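Chain by chain, the residues run as shown.
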Amino acid sequence: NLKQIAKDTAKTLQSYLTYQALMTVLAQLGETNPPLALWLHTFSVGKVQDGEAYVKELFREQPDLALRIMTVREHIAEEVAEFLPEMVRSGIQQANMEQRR
Amino acid sequence: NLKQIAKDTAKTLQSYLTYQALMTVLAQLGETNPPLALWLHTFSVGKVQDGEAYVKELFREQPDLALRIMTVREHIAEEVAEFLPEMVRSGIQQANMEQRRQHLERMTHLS
Amino acid sequence: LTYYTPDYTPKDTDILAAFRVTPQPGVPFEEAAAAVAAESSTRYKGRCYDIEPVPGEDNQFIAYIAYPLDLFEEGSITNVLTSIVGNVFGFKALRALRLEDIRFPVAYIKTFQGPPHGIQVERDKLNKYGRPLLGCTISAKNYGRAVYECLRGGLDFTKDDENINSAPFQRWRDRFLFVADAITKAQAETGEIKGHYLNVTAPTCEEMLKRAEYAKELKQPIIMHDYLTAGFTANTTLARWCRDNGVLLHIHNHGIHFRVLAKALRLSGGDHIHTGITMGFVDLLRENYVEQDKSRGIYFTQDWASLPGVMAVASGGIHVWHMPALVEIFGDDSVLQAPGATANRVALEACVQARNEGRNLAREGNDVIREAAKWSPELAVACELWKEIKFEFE
Amino acid sequence: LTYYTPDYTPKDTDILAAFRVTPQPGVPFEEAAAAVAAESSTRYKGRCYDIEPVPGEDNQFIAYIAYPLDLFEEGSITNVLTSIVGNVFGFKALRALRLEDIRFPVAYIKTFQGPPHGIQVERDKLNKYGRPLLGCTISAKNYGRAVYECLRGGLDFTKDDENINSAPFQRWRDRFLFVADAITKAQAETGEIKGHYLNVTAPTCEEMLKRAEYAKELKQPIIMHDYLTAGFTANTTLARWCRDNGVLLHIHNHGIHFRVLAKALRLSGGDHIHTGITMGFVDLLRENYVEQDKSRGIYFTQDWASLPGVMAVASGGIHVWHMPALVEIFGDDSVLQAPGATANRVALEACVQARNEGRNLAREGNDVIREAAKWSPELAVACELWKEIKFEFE
Amino acid sequence: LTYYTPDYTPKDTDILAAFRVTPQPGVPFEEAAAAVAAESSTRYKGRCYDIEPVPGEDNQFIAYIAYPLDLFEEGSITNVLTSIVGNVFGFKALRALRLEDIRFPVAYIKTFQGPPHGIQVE
Amino acid sequence: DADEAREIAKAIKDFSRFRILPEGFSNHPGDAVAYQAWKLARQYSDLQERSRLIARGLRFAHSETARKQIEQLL
């Protein structure tokens with residue numbers, strides 16, 4: 001229809017916003033805690049963007065990174081999702097022109 | 001920074017919005033021209049990413065159906081993509097209620 | 001207000017600056033630029049001749065200031081960097097101020113002598129031609145035993161970086177021998193000539209004259225130090241120790257952009273400095289003539305007019321698997337950072353021949369690393385350690 | 001995580017740093033401080049022993065890091081400023097990072113020799129005792145004729161500042177004579193001995209050795225240069241030219257605070273440097289012992305243990321009428337910046353006797369300037385030029 | 001004959017000479033000037049760009065030769081006076097040859113230090 | 001010569017680095033070096049400075065649509 005695709009996309013959007021969390025997570029612990037930099041690739045094989053499935057495995061060890069993965073997503077989803085209406089429409093004008101020419 | 005992120009997000013979901021473009025055309029041509037759906041399904045399997053740069057390869061062999069994929073970037077990108085602001089943050093509050101419960105599931109196991 | 005004459009073309013011989021200015025609320029764009037060109041200097045005055053704005057950014061404008069030729073001293077970078085931006089960063093009428101560019105004339109570039117050694121002159125004692133370089137950072141005997149086994153994997157030199165001076169556990173003299181005795185046992189056993197880059201930093205300079213006369217007596221290769229916590233004045237007493245010896249070439253919102261700091265450092269000296277805009281100054285250190293690219297930070301035009309080039313150093317971190325991404329961008333004429341050292345030389349040497357076949361090394365980079373695993377066991381380990389992280393969410 | 005042991009008292013002989021840290025969202029306060037004490041150095045490791053927070057400010061916390069004694073080289077400021085903050089400013093896990101303080105031990109302070117001349121030693125050739133100083137900034141003959149008439153009003157010296165080197169209109173040699181010939185015609189005609197502070201800045205140092213051997217042959221007073229565009233390495237070849245001659249003493253969110261830069265500069269050398277917290281380092285350059293004032297930036301405690309003091313320079317601007325406000329704050333032992341020069345000496349000399357009567361010079365400062373107009377016509381002009389701006393809106 | 005390109009403007013930075021030339025009988029004015037700009041030096045070659053004559057005098061013509069900037073050593077008058085007129089006075093195809101002028105660029109004048117003392121310093 | 005074909009090989013490099021063809025240009029290297037010579041000639045707002053980039057701009061431009069883009073500068 002026209003409405004369920006907007007919840008369909010919002011399920012996929014939320015996944016990619018969790019990606020930008022984990023790339024920000026991974027780019028910072030590379031120098032601060034390097035023992036906590038080569039073990040984050042034990043849980044992010046094939047799908048990086050999980051939210052709690054790794055944490056259910058991280059409860060039986062130290063699960064504290066998750067509450068930081070969910071506080072990285074705050075400052076980006078509050079500063080892109082409001083500015084989103086022009087940011088996606090502006091790239092439509094590019095991909096309207098490049099294909100017309 | 002954030003403009004490094006936000007400009008990267010601007011192309012990712014766009015390529016996802018040009019997929020629901022191609023899927024709307026996919027269900028449309030399964031009813032009007034079933035030869036044209038069986039050939040569009042042949043090209044669809046080719047594992048080619050970057051939806052903006054995917055439609056350009058369509059103009060190479062078929063310059064016409066690549067306009068109908070582009071057509072809904074004015075028409076279906078208004079009923080899917082302006083509804084994103086009230087439909088992200090609601091799910092974040094849900095994930096603030098889905099995963100905070102399992103800090104208690106371990107705590108009850110610690111109880 | 002005779003410091004703003006836009007009815008004027010800057011001459012062939014003028015010195016010529018830019019500034020990415022940001023003023024306080026209500027401050028006009030035409031009086032902040034006369035607040036720069038006048039308070040720098042004092043026919044002997046700079047004049048802001050152009051006032052171009054910046055699109056889609058926080059209220060900046062590009063101020064083009066033109067100082068005369070005679071205002072400055074021939075052959076000095078300290079004077080040029082001080083009579084221009086002495087007390088111009090100290091105003092409260094501006095929110096920010098950066099110095100994006102400087103055009104030196106042709107007449108003033110060839111007062112300077114420049115880097116002692118270039119893209120040509122480096123290949124004399126350095127036995128590496130047409131392919132970039134490699135070098136990794138490292139008690140006193142046990143410290144000498146470790147560089148004894150890093151150069152034995154392909155490293156063209158090594159780095160005594162992270163500030164190792166003479167401490168009470170590891171003195172300055174007993175570090176030089178044990179990484180000179182460690183070169184004499186890897187020059188012949190690997191078929192190439194390698195250095196170990198060593199710090200010369202001392203309290204005085206009379207002690208620094210003894211940390212550089214002891215190093216190369218006739219003992220030892222081309223051996224460097226920094227520019228920070230030091231100056232264009234501190235490193236002029238020893239960059240001109242390369243005018244006798246050929247021995248020290250590696251230099252290791254509101255600011256001054258690096259391409260101003262790179263014009264200051266070629267003309268001072270040195271053969272390969274550490275660091276569209278990443279492509280920007282690395283087409284200033286290496287090129288002869290550069291035409292005006294406003295989307296690259298290159299706001300001016302000045303031919304270098306026959307003066308020795310200077311290469312670049314890789315500045316992103318550890319890169320063991322991400323090797324063909326650097327080879328295209330920095331090109332041939334650059335420098336990059338024992339099982340863990342033999343994986344470095346193999347991944348570098350492999351890509352360079354697959355470039356010269358004609359294979360597009362941008363869109364093919366990983367498969368050239370993968371075919372080089374079938375004759376090298378040290379690249380069998382590394383490619384699994386690095387990141388295959390993707391998204392196919394279309 | 002052996003880089004954070006809060007169960008530990010830092011010794012009597014440890015080197016001891018602070019940091020006003022600000023991390024990224026979600027980053028804990030206990031792992032950012034182990035991201036500092038470990039990546040500085042490498043029993044040979046610094047340990048963040050305390051984690052105190054900051055009240056009512058953007059999420060800062062004070063990290064107390066304790067490096068051992070033996071980790072460093074005796075008598076070096078370049079080593080201390082580089083092995084501590086080498087690659088610690090280069091993280092992305094922090095929003096900001098400042099270096100607020102350093103405690104040197106008693107054992108490591110007296111390895112250094114310090115400033116050559118102090119609060120005692122300055123009064124030998126300088127003929128001014130118990131009252132602060134005065135000095136104002138200034139073709140080639142016409143340039144010499146202007147300092148010829150600034151010192152003739154009371155200026156204890158003058159300043160060849162704003163970067164006057166040898167240009168093609170005004171060479172370096174023909175500026176030294178005409179402001180040496182201008183001292184010999186104001187020493188005897190005013191009854192005091194005055195200098196003119198001159199730049200020594202050259203491209204090389206071999207040329208800088210000729211801009212300082214020509215200045216004082218036996219010709220000339222105590223004559224200085226800077227620290228920026230120069231180092232603690234550049235100004236060590238000529239601050240130890242004061243170890244023969246007594247001739248160069250004036251030094252002219254995310255950073256390093258000035259009180260770290262002031263510990264680095266007393267111990268390097270010089271007799272009066274240019275600049276609660278304004279009162280803060282000026283009780284480090286001048287005092288012997290300072291107890292811990294957390295509301296002053298003085299976070300530590302270290303006695304200076306008998307080493308020569310160093311005075312301060314006025315750093316607010318032109319101050320002709322605002323004279324008694326500086327005399328209380330910087331005290332006696334400091335330095336401040338021909339009709340326009342005779343108004344300066346009179347307003348300075350007047351207040352100092354009205355302090356010693358017992359009159360509260362804070363709550364009375366303007367009337368002491370007004371009573372000194374009735375015997376000085378140059379203070380009759382100045383007090384009307386400056387600002388009487390008030391508000392009585394109660 | 002790539003030493004005579006009159007389709008060329010001498011640059012802002014070129015070194016730039018003149019010559020009041022007088023050739024033997026029958027010798028053309030265009031090959032005596034390529035007999036000067038080529039045998040001086042050896043993109044590294046001087047080029048006689050102009051061939052102007054002299055009115056009412058014995059068959060002279062003014063040859064404008066343009067050497068590049070990089071051809072010479074910074075700060076030397078011996079080099080400039082020798083790499084230009086080394087073995088160019090030694091031809092028999094010319095009756096005479098004089099060197100009337102030299103333009104130094106702005107870029108090459110200020111390599112030199114010059115007279116120590118001037119109209120001011122004296 | 002050597003140095004001019006150095007930069008022509010650079011100009012075709014960036015013209016083929018792009019994912020998108022810019023307006024009025026095709027796959028020929030005569031369009032590649034005439035795209036840079038026009039892209040870096042928009043920035044002058046002066047007539048007697050841009051003709052240094054227009055004579056070279058009219059020296060390489062291969063298709064007629066790439067000839068019109070150079071003609072807008074005049």
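This text goes with the structure placed above it.
Residues numbered from 1 in each chain as written, not as in the entry; some residues may be left out. Chains lettered and ligands numbered in written order. Part of a larger assembly, values for the part shown. Heavy atoms only, no water. Residues with missing side-chain atoms left out of burial classes, pairs and counts.

**So, the overall build of chain F**
Phase 1 of the analysis: Of the regular secondary structure elements, chain F holds 6 helices and 0 strands.
Phase 2 of the analysis: For chain F, the N- to C-terminal ordering of α and β elements is α-α-α-α-α-α.
Phase 3 of the analysis: Since a compact globule built from 74 residues should have a radius of gyration of about 11 Å, the 12 Å found for chain F is in line with a globular shape.
Phase 4 of the analysis: On the principal axes, the C-alpha backbone points of chain F span a range of 30 × 30 × 20 Å. (Helix = DSSP H or I, 4+ residues; strand = E, 2+ residues; numbered from the N terminus. Rg over C-alpha atoms; globule rule 2.2 N^0.38 Å.)

**Thoughts on the overall build of chain C**
Phase 1 of the analysis: Of regular secondary structure, chain C possesses 11 helices and 11 strands.
Phase 2 of the analysis: If you line up chain C on its principal axes, its C-alpha atoms span 70 × 65 × 40 Å.

**Brief notes about the interface of chain C and chain D**
How big an interface is tends to be expressed through the accessible area that disappears when the partners come together.
Phase 1 of the analysis: With 35 residues of chain C at the contact, the number on the chain D side is 35 residues.
Phase 2 of the analysis: Each partner contributes to the roughly 2900 Å² buried at the junction of chain C and chain D, and carbon and sulfur atoms together form 54% of this total.
Phase 3 of the analysis: At the surface where chain C touches chain D, the tally comes to 4 salt bridges.
Phase 4 of the analysis: Taking the shortest distance from any N to any O, the salt bridge between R171(C) and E74(D) comes out at 3.7 Å.
Phase 5 of the analysis: Run the count over chain C and chain D and you get 10 residue pairs in polar contact. (Contact = heavy atoms within 4.5 Å. Buried area = accessible area lost by both parts, 1.4 Å probe. Salt bridge = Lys/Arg side-chain N within 4 Å of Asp/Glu carboxyl O. Polar contact = N/O pair within 3.5 Å; in protein donor to acceptor, adjacent residues only side chain to side chain.)

**Regarding the packing of aromatic side chains**
Phase 1 of the analysis: One pass over the structure, following the stated rule, counts 38 aromatic pairs over all chains.
Phase 2 of the analysis: When the centroid spacing of 5.7 Å and the interplanar angle of 90 degrees are considered together, the rings of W172(C) and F176(C) count as edge-to-face. The pair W172(C) / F176(C) is uniform in exposure class, with both members buried.
Phase 3 of the analysis: For the ring pair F157(D) and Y197(D), a centre distance of 4.0 Å and an interplane angle of 20 degrees mean the geometry is stacked. Of this pair, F157(D) sits in strand β7 (residues 157–159) while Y197(D) sits in the loop between α5 (173–176) and α6 (210–213), and the two are 40 residues apart along the sequence. In this structure, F157(D) and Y197(D) share a single accessibility class: buried.
Phase 4 of the analysis: Here the guanidinium or amino end of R152(C) rests over the ring plane of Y148(C), the centre of that ring lying 3.9 Å away. (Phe/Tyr/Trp six-rings, centres within 6.5 Å; stacked < 30°, edge-to-face > 60°. Buried < 20%, exposed > 50% of the residue type's maximum accessible area, 1.4 Å probe, protein only. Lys NZ or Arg CZ within 6 Å of the ring centre and 35° of its normal.)

**Brief notes about the pattern of salt bridges**
Phase 1 of the analysis: As enumerated under the stated definition, the model contains 45 salt bridges over all chains in all.
Phase 2 of the analysis: We note a salt bridge from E357(C) to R359(C), for which the minimum N-O separation is 4.0 Å.
Phase 3 of the analysis: Owing to a relative accessible area of 32%, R359(C) belongs among the partly exposed residues under this scheme.
Phase 4 of the analysis: In this structure, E364(C) engages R359(C) in a salt bridge whose closest nitrogen and oxygen atoms are separated by 2.7 Å.
Phase 5 of the analysis: Here the residues in one salt-bridge network are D293(C), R296(C), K10(F) and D14(F), joined through shared partners.

**A look at the arrangement of the chains**
Phase 1 of the analysis: Considering every one of the 11 pairs of chains in contact, the largest contact total is recorded for chains A and B.
Phase 2 of the analysis: Note that chain D does not reach chain F: the shortest distance linking a C-alpha of one to a C-alpha of the other is 30 Å.

**Brief notes about the relation of the copies chain C and chain D**
Phase 1 of the analysis: When chain C is fitted to chain D, the best match, at an RMSD of 0.0 Å, comes from turning it 180 degrees and sliding it 0.0 Å along the axis. The operation mapping one copy onto its partner corresponds to a two-fold rotation axis. The C-alpha atom lying nearest the rotation axis in chain C is that of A234(C); the distance is 1.9 Å. (Least-squares fit on C-alpha atoms.)

**Section: the environment of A38(D)**
Phase 1 of the analysis: With respect to the helices, strands and loops of the structure, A38(D) is situated in helix α1 (residues 34–41).
Phase 2 of the analysis: Taking the C-alpha atoms as reference, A38(D) lies 16 Å from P10(D); in sequence the two are 28 residues apart.

**Section: helix α9 (residues 339–356) of chain C**
All names here are of chain C.
Phase 1 of the analysis: Residues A341, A343, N344, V346, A347, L348, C351, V352 and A354 constitute the buried set of α9.
Phase 2 of the analysis: Looking at the buried positions of α9, the neighbouring elements they touch are α8 (324–329), α10 (365–371) and α11 (378–385).
Phase 3 of the analysis: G358, located one to two residues past α9, shows a positive phi value of around 115 degrees.

**Brief notes about the sheet that holds strand β10 (residues 311–313) of chain D**
Residues and elements named next belong to chain D.
Phase 1 of the analysis: What the 4 strands build is an open sheet, ordered β8-β9-β10-β11; its pairing is parallel. Each edge of the sheet is formed by a strand with only one pairing partner; in this case those strands are β8 (250–251) and β11 (334–335).
Phase 2 of the analysis: Two strands pair when backbone bridges link them, and β10 and β11 are joined in this way by 2 bridges, in the parallel orientation. When the sheet's bridge partners are listed, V313 is paired in β11 with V335. (Pairing = 2+ DSSP bridges.)

**As for the side chain of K159(D)**
Phase 1 of the analysis: Considering the arrangement of structural elements, one finds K159(D) in strand β7.
Phase 2 of the analysis: Within the buried core, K159(D) has no salt-bridge partner, and the shortest N-O distance to an opposite charge, that of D161(D), equals 5.1 Å. (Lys, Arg positive; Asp, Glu negative; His and termini not counted.)

**Thoughts on a nonpolar patch on the surface**
Residues and elements named next belong to chain B.
Phase 1 of the analysis: Nonpolar side chains collect at one region of the surface, where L104, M107 and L110 lie side by side and expose about 300 Å² of accessible area between them.
Phase 2 of the analysis: Mapped onto the fold, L104 is located in helix α6 (residues 101–110).
Phase 3 of the analysis: Under the relative-accessibility criterion, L104 is labelled partly exposed at 47%. (Patch = residues over 30% accessible without salt bridge, like charges linked within 9 Å, V, L, I, M, F, W, Y side chains within 5 Å. Areas by Shrake-Rupley, 256 points an atom, 1.4 Å probe, with all protein chains shown as cover.)

**Looking at α1(D)**
Phase 1 of the analysis: Counting buried positions along α1(D) yields 6 of 8 residues, so the element is predominantly enclosed.
Phase 2 of the analysis: Tucked into the core, α1(D) has its buried residues touching β1 (15–23), β2 (47–50), β3 (61–67), α2 (77–83) and β4 (94–98) of chain D.

**Quick notes on the environment of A305(C)**
Phase 1 of the analysis: Tracing the chain through its elements places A305(C) in the loop between β9 (272–273) and β10 (311–313).
Phase 2 of the analysis: In the structure, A305(C) is positioned 16 residues away from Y289(C) in sequence and 7.7 Å away in space, judged by C-alpha atoms.

So far we have only geometry, and geometry alone does not tell us how the molecule works.
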